[PDB]
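Peer 1: Starting off with a structure, shown below.
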């Protein structure tokens, strides 16, 4: 073990809080005690979110080096870029964001979907936003490198930050510390977590949560919930990222597979489903917590679908991982007609 | 310690953290040291906010006696309501919200202003939205008292959550507690704050801050930046909310006036100006901190103007109170166009 052997540039108020979605439990029979470690309440850096936790271990490199621009990439309502921007504005450096089409822009949204919610926030922070209608892919793209090549020509020194950083050397270190906080937090509250559920589409987040947890032989507590409807390259990458991190944080326990409940991905990436929404509402109507039609929401149903089928024991304490992404919610206004009388 | 005599219902993570906006300070020419007490990061309740803290002293009554529905009132982008919703969710009750027409909806945003940010959210939390056509006013409304009876006709016992909770018998207590934190935090920071800047509209926030700061004879340290564009009522009400509260807490001192710089409210509640849009940008580009075109962008530009005109003692410590509001930002995307590099 050893995440401590890596330089960390704070970007968060510290240990992310864990919410007790208790009142939401009783609506689910009160079978399993639900808890949510709010990552969506990271910092003041434009709403926060998991990307920050990952970034904290990347900034050092950037800053220590004499760079000029921070270039990332992702979908339209990409939650990440919006946090790469905020990071850029804080490190006081230029930012170039590459947003491609990774979701069939619902017609009843075709207008606002590309200039409202997250992408907007990236512009307000003065980033060099750039739209491109390219397909969805949780792997390196052929527009990112080009953009990179672009600045390297203008006489600048850009810093690469792949989608979700999932393909960034220290993309996992971030959640390795995620684990550590969990362990420490179980002792403060006096509550152990039998299982921890969190979304996944590029890896890093969960992967690090694995190796981090792996530190305590608890990888098993983990319960990913595919949200990219491409379970293939996802369980693959999320699992590959997981081992790499281990090498770094000094973990031997190799990884072969992980609980990747892939029954809630449909339809594709970005488009939710009749259930997705029903959960988003319940969690909302019950707790007050907001989720989104691309991530947190889809896993919030998977979280509830399971609680139904008694996948857990009675009195079981499960820890849900809210990675934020609610700012995108505004680009899916249609999917939520007003409460029926 | 008059704010302790009043019971508080745990609605927020804990004492609101203070961001050291050092990079923005350097930008505004090492005049002062700007700090921001982040109330826009005080909960897991739909992006948190300021109203919440106020509610923590009112929710106690919602539970004690028997109340069926939670009814409030605000504008098509009111946060007060987008938070009362979640509170209604968590407190397990019904949500009736009256959204009066308080802002001349820009011709561009008119096809969105009523179905994004604050509003969309409020709905998702299964709220009973009511887009009424009444106009702006920080005083007790008709559509309001109407529904109170309206519901009390359908046979219920709803709870009166007025505009910003300002009118509410306890509206002030919330921020009287705020002050308490400021002093404690100054201690832990090893520094003293010279002035406190904070947007003002209905008046309960500033009134609380005033009432509480008075506990230490620092009521003058308060600097309210109006955003209603109507001094009289706003000052003549805040100045009222200020006293009533000053008595609940036991603070003798009476407020016959307070610093309410009404230089940026232009042109009207809801709509911004090049100055507002300009501040937001500056701050967002300097700290990754997001501010809204209605309450925090204006209180921010004010904070900026005041620094140009050397309004603060050299090397002063100014605490910029960030009460949230960024959620509505998605309904003002027009005002924020992509920037050139």
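Peer 1: How big is the protein assembly as shown by Rg and Dmax over its Cα atoms, in Å?
Peer 2: My reading of the Cα-based Rg and Dmax gives 24.0, 72 Å.
Peer 1: Using only alpha-carbon positions, what ratio does the radius of gyration of the range B:66-167 give when scaled by 2.2 N^0.38 Å?
Peer 2: In units of the 2.2 N^0.38 Å rule of thumb, it is 1.02.
Peer 1: A further question follows. Quick one: the Cα spread of the range A:134-273 along its three principal axes, in angstroms, biggest first?
Peer 2: 55, 36, 28
Peer 1: Would you please state which residues of the range B:49-67 a label at residue A:23 would reach in this model, taking the label point 7 Å out along Cα→Cβ and a backbone N cut-off of under 15 Å?
Peer 2: B:52-53, B:55-67
Peer 1: Here's another thing I want to ask about it. With 10 angstrom as the radius, rank B:25, A:19 by how many other C-beta atoms surround their C-beta, starting from the fewest.
Peer 2: Least to most surrounded, the residues fall as B:25, A:19.
Peer 1: Placing a label point 7 Å from Cα toward Cβ, how far apart in nm is residue B:157 from its equivalents in the other copies, listed shortest first to one decimal?
Peer 2: 6.9
Peer 1: If you take each beta carbon of peptide A:12-19 and count the beta carbons of other chains within 10 angstrom, what is the mean?
Peer 2: Mean shielding count: 2.
Peer 1: While we're here: Taking every residue in B:43-56, how many Cβ atoms of other protein chains lie within 10 Å of its Cβ, on average?
Peer 2: Mean inter-chain Cβ contacts per residue within 10 Å come to 3.
Peer 1: Please state the relative contact order of the range A:66-167 as a whole percent: Cα pairs under 8 Å, 6+ residues apart?
Peer 2: After rounding, I find 39 percent.
Peer 1: For residue B:334, place a label point 7 Å out from Cα along the Cα→Cβ vector, do the same in each other copy, and report the separations in nm, one decimal, smallest first.
Peer 2: 2.2
Peer 1: Next question, about the same structure. Let me see the P(r) profile for chain A: every Cα-Cα distance counted, bins of 10 Å, each bin given as a percent of all pairs.
Peer 2: Going out from 0 Å in 10 Å bins, chain A shows 6, 27, 36, 23, 7, 1, 0 percent.
Peer 1: With labels modelled as points extended 7 Å from the Cα through the Cβ direction, what inter-label distance (nm, one decimal) is found for residue A:316 paired with residue B:133?
Peer 2: 5.5
Peer 1: Then there's this: How big is the antiparallel share of DSSP beta bridges in the protein assembly as shown, given as a percent to the nearest 5?
Peer 2: About 10 percent, rounded to the nearest 5.
Peer 1: Another one. How shielded is B:276-288 by partner chains, expressed as the average number of their Cβ atoms within 10 Å of its Cβ atoms?
Peer 2: Taking the mean over all residues of the peptide, I get 5.
Peer 1: Just want to confirm a number: the relative contact order over the range A:218-341, from Cα pairs under 8 angstrom separated by 6+ residues, in percent.
Peer 2: Result for the range A:218-341 is 23 percent.
Peer 1: Also: Return the chain A residue and its Cβ-to-axis distance, rounded to the nearest Å, for the rotation relating A to B.
Peer 2: Whole-Å result, nearest residue of chain A to the axis: A:330, 2.
The numbers here are math on the coordinates, done by the rules we state, and not lab data. Don't worry about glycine lacking a Cβ; one is built from the backbone with ideal geometry, like all the others, and counts go over all protein chains shown.
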